[PDB]
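Everything below concerns the one structure shown next.
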Amino acid sequence: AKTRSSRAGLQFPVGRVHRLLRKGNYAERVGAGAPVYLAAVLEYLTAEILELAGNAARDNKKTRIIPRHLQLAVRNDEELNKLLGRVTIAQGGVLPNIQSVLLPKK
Amino acid sequence: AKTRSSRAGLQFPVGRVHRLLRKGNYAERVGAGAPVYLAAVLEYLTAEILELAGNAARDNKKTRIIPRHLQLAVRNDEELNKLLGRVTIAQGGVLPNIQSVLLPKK
Amino acid sequence: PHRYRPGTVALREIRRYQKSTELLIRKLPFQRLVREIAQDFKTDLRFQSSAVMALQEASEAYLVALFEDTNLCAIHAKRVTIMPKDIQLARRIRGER
Amino acid sequence: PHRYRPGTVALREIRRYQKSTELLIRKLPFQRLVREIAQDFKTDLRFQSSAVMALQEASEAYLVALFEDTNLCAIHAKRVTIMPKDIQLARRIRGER
Amino acid sequence: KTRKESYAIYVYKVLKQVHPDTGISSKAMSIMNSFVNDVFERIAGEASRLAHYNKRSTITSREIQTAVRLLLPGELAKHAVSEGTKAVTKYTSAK
Amino acid sequence: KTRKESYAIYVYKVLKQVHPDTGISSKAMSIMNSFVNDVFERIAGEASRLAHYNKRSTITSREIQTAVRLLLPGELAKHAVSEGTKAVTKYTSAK
Amino acid sequence: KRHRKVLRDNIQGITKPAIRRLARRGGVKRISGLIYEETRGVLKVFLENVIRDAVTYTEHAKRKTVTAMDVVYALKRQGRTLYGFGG
Amino acid sequence: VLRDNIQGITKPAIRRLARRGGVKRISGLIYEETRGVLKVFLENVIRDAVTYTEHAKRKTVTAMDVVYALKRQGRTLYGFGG
DNA sequence: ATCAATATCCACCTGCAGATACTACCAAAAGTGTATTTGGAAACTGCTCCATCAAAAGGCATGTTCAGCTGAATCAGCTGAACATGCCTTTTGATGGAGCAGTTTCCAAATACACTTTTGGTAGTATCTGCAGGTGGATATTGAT
DNA sequence: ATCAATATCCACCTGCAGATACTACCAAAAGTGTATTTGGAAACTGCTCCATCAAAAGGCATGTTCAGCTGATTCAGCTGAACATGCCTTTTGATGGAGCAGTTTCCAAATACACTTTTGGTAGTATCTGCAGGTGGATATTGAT
Ligand SMILES: [Mg+2]
């Protein structure tokens, strides 16, 4: 008895994802490969964000990823920024950014 | 045999609306009154737009509603405009509107 | 010898084009552009006539509305002349940048 | 008696608040505003505390992002001072009108 | 050859009730059809979410009603709601 | 005392793979959980639509693939697509 | 239940310093005196819209209590998706 | 007399669009900026339409392909089906 | 440039809130295995409707001229930043109690067929007409003097 | 002011592209009837967490002062609007053919279904640890001179 996750070589739960596709009223039928492909996309995306967020945590001399690190990760990455362009990460704050003309002297 | 539209007092097809709800993967089940209600709402908004578009036709010395008239109807009405705030009516054009500062100095 | 002042014909044109609904880009050149852009995504594509039309209507509605925002941006800066920075600001605020 | 020049503490505050993530509106006052507004829609409502915090996080992130757009509108006008006309322009272009 | 369904006839009926002497071009009719399809989808979509949020398996007129309240602006919502309630009553009290 | 599922343990697994010495606060985890659910919903939805548009009653890995191309920007799409193809190909050979 | 205090003018609990802080986070260096009332107004519209939909979800569920989830769904509806509260 | 396809979107045509947009006075550099903007717009939309075409296994982009692409970009169009 | 007020940056430092750790259980997943139904791919093809092109149409490239707009410079006036000062309001920890949510019982309403009737879409065909352009003539607008 | 160029308005005319009415038809809803499944309200009640309150902790309100920003004024020079027409691109329509779409086909993969194993969630009790917030104490940054 090998899980469908181990069959596909995935950490993310293929069984859970198959189930959610059914209960979710997306179509009459769900193909067997659909939850496999989806669970991999989901796993890929979360690896991408944890990598970048992990880096922000290290850059900050921290060992624990907090919401600020997720925000720095997403906003500093062109593609994640666009994908979450209409999303708000609670307790993430903003990127340090001051417009040029606002700086003193000349 | 008497149709559900006539029963409900409507021009809009209850049967079709019921059918479309079923095969739309909206939920496992569809209540008896829901298609009745929805058809009524759809008919009502249709009447509202046709009312105001008919008028715009009249104002412009015409008997046939064209896309221009549908546009004028929608954008001159605060509520219809909000509902259709992210919609483009093909061959609608725009409202006549020039910023005052652009007017020649009298 | 007769000459209309700068802005007189422009006003006349605003009135004319705000009254009508016809497309304002010639169809052929728009069609070529459409096909050129599509070729980078897939080769040997054909287009339904109404497909190109839909694209033109949507593209013209988009540009017309963007010019309205752009114009507000010029007027905000106390000008009557639209400049690229006005288009730039409008797009940034819209969330397109 | 020592004095920083107008603008200096302002830039200090910008770096300070751009660095941190805490909510910037005091909790109770915000909670009262929420309850007042909700009550005008429907009497005898309760709120989970996380419901109030959700609204706070959302409203603060909405206001910060609006202020950035507003700042851009002022700068477009060759000013450094945000005014109501800047907010109004930003909201118009955003489609909030 | 395959059946192409449309709301055209029902829109034309409602036109005649509202302006009996006014006609409608093809293009305008096509727009009206899009409108009806669009509003349908928005309302059914919201109704779907509501039922799901509340662990219900059925889309009832209660979900249609809440959907309408969520999607239509003030006055538009008010009439839609009363038009809808009105139609459900007439449908119930009819053999 | 009802059961509430989350992607937490899976997010944590994936976290250990990429940064073995890094932890995650519960709030960051909650955000990670929301992100997975959100992306799930957006892909399934596009897939749902896509299937309907082509008169299909089945959501297959092919629908999911087009949904991914529609939803994700350039380089994330390219890589997501390889990861998903790979998982399916592997999965097909493994029973 | 015996008595419950009247809620009025709570918009003013959104003080000048709190607004200034928010502007600072948005990168603003100089603030006209009229910004504070304008901002209060803008925030009110924002809250009314979100609370209305949130409360609608509450009533549909037949609860007396507005949940984090009611708010999260109200935000999603308005294209202001929020992560961090179960949504 | 070879000419780029984008340049087929001519000054007078961009001038007309601006006019319907209520624009009185137009800087010389606007015409090139507009062309860039149109290109990004068409890229984003065509990309998605073609993606719909490929999914259906066609070699013809249909009005519906385009209408669906517009809908998902948040630029719903009425008049061409759907 | 030099001096001095004050913000800023670490480095270390104790408490502790929040995170991680097991031992035990368990309801509901998820898997496994077999019988039953079917969606859609695959293959053939009819006929739209699409790319092409010849002849016709009519919009735009072009350079000149200068009206009037944009941006630089200058500056008075006053608004908004900074900071001192006095103290109210929010934050934080503790506690009876409303309503949310968990479990189970029971029926009104919905699905599932199959069969019976109709309606809405197409299609061939002929029939009809609102109004886009064209004309012709008066009248308004704009710009020159 | 007058005056003339030219745009603009409106009344009337009319061919035809596009709207509409009608018939015969058929596949396909939409509806009617009978057998069956179940979703969810209600009714009871465990128990989370919300409203509420007393004490403790720190941000807010206010007035004064003046730096420097905004908005007004003026001005020159640059830059875009207007202008007329034949070149040349687009539009129009006429014609072969590509592929979309309609039809039939048949099986790989879909759902269903029932015992069988696994596991993710919680729940109770335990020890662990990253870092926030306190401190002092060396290094900038800023603004007067
Ligand atoms: Mg009140």
Side-chain angles (χ1 to χ4, degrees), chain A residues 1-4 13-16 18-19 28-32 62-64, chain B residues 1-4 13-16 18-19 28-32 61-64, chain C residues 1-10 12 26-29 46-49 78-81, chain D residues 1-10 12 26-29 46-49 78-81, chain E residues 1-6 8-9 23-26 55-58, chain F residues 1-6 9 23-26 55-58, chain G residues 15-18 30-33 63-65 67, chain H residues 1 8 10-13 25-28 58-60 62:
Chain A
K2 282 171 185 189
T3 70
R4 291 205 273 162
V14 174
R16 189 114 106 193
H18 204 337
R19 199 184 77 235
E28 289 312 302
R29 302 187 156 195
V30 186
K62 306 288 185 292
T63 258
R64 191 181 285 123
Chain B
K2 213 75 214 295
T3 70
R4 281 190 280 176
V14 185
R16 183 177 282 184
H18 198 333
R19 190 200 77 204
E28 289 303 304
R29 299 189 167 211
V30 185
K61 314 285 175 209
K62 276 149 159 229
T63 61
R64 192 179 287 147
Chain C
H2 188 270
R3 194 173 179 88
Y4 286 120
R5 319 236 270 195
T8 295
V9 198
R12 193 145 81 225
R26 313 279 287 289
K27 296 190 173 200
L28 179 69
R46 313 180 105 204
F47 276 84
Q48 280 186 348
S49 175
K78 305 189 182 175
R79 290 181 278 99
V80 288
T81 311
Chain D
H2 177 272
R3 273 213 168 236
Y4 293 109
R5 291 168 40 160
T8 302
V9 192
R12 213 212 287 343
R26 298 280 106 245
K27 276 195 211 337
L28 185 54
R46 290 158 146 257
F47 281 85
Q48 297 188 335
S49 54
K78 298 177 170 199
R79 286 178 281 104
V80 298
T81 311
Chain E
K1 176 191 274 163
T2 204
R3 267 172 76 95
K4 235 293 177 282
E5 279 186 336
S6 163
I9 53 163
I24 186 154
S25 85
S26 266
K55 295 177 263 196
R56 301 283 170 257
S57 325
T58 325
Chain F
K1 303 98 224 310
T2 212
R3 74 166 327 206
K4 46 182 175 166
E5 296 188 321
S6 80
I9 62 163
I24 188 164
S25 82
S26 43
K55 295 148 181 277
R56 301 281 176 255
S57 51
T58 328
Chain G
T15 63
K16 186 177 157 156
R30 215 177 171 265
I31 307 172
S32 131
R63 281 179 277 100
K64 302 203 198 188
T65 315
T67 60
Chain H
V1 209
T10 62
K11 168 173 182 168
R25 204 170 185 271
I26 304 173
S27 128
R58 285 184 271 100
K59 302 191 200 156
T60 319
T62 63

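Residue numbers begin at 1 in each chain, while the letters A, B, ... track the order of the sequences.
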Distance test, side-chain N/O of D:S49 to OP1/OP2 of J:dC50, below 4.0 Å: yes

If you only use heavy atoms from C-beta on, which nucleotide in J:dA30, J:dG71, J:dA101 is closest to the side chain of B:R16? J:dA30

Of the listed nucleotides I:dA19, J:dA101, I:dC100, the one nearest the side chain of G:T65: I:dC100

When H:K59 and F:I9 are each assigned the nearest nucleotide of DNA chain J, the 5'-most assignment goes to H:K59

Base, sugar-phosphate, or nothing for H:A13, non-hydrogen atoms under 4.0 angstrom? nothing

note: D:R26, atom CZ; I:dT91, atom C1'; distance rounded to Å ~ 9 Å

Per A:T63 side chain, nearest of listed nucleotides J:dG40, J:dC131, J:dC69: J:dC131

Name the closest nucleotide to the D:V80 side chain, picking from J:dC100, J:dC69, J:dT103. J:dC69

Under 5.5 Å between six-membered ring centres and under 30° between their planes: does that hold for the bases of I:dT70 and I:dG71? yes

I'd like to know if E:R3 reaches the base of J:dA28 with its side chain, counting only an N/O donor and acceptor under 3.5 Å. no

Check if the side chain of B:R29 and the base of I:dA110 share a donor-acceptor pair of N or O atoms closer than 3.5 Å. no

If you check the C:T8 side chain, which of J:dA51, I:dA51, I:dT142 turns out closest? I:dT142

Would you mind telling me which of I:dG143, J:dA61, I:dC60 lies closest to the side-chain atoms of G:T15? J:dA61

When the axes are fitted on five pairs at both termini, how much does the helix from I:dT45-J:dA101 to I:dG58-J:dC88 curve, in 10° steps? 30°

Nearest heavy atom decides the nucleotide; on that basis, is C:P1 or F:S26 closer to the 5' end of DNA chain I? F:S26

Axis-to-axis angle across the helix from I:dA1-J:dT145 to I:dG15-J:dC131, five pairs each end, nearest 10 degrees, ~ 20°

Indicate whether OP1 or OP2 belonging to I:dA41 is found under 4.0 Å from a side-chain N or O atom of F:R56. yes

With both key distances required to be under 3.5 Å, would you call J:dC22 and I:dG124 a Watson-Crick or wobble pair? no

At under 4.0 Å between heavy atoms, what does H:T62 touch on the DNA or RNA strands: base, sugar-phosphate, or nothing? nothing

Are the six-membered base rings of J:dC44 and J:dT45 less than 5.5 Å apart at their centres, with planes tilted under 30 degrees? yes

Is there a donor in the side chain of D:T81 and an acceptor in the side chain of G:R30, or the other way round, less than 3.5 Å apart? yes

Would you kindly compare B:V30 and F:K55 by the position of their nearest DNA chain I nucleotide and give the one closer to the 5′ end? F:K55

Report which part of the nucleic acid B:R64 touches: base, sugar-phosphate, or nothing (heavy-atom distance under 4.0 Å, all strands). sugar-phosphate

Which residue lies toward the 5' end of DNA chain J, A:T3 or D:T81, if each is placed at its nearest nucleotide? D:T81

Side chain of F:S57, heavy atoms from C-beta onward: which of I:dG39, J:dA82, J:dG121 has the nearest atom to it? I:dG39

Torsion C1'-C2'-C3'-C4' of I:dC113, interpreted as north if positive, south if negative: north

I'd like to know if the side chain of G:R63 reaches the main chain of G:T65, judged simply by a donor and an acceptor atom lying under 3.5 Å from each other, with no hydrogens or angles considered. yes

Would you indicate, yes or no, if I:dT119 has its OP1 or OP2 atom less than 4.0 angstrom from a side-chain nitrogen or oxygen of B:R4? no

Checking I:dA51, I:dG68, J:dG143 against the side chain of C:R5 (C-beta onward), the nearest is I:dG68

How bent is the helix from I:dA72-J:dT74 to I:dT85-J:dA61, measuring the angle between the end axes built from five pairs each, rounded to 10°? 40°

On a heavy-atom basis, which atom in D:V9 and which in D:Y4 lie closest, and how many Å separate them? CG2-CB, 3.9 Å

Taking A:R16 for the side chain and F:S6 for the main chain, is one N or O donor matched with an acceptor at less than 3.5 Å? yes

Mind listing the closest non-hydrogen atom pair of H:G8 and C:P29 along with its distance? O-CB, 3.5 Å

Looking only at atom P, what distance separates J:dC83 and J:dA5, rounded to whole Å? 15 Å

Which nucleotide wins on minimum distance to the side chain of H:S27, given the candidates J:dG80, I:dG130, I:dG121? J:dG80

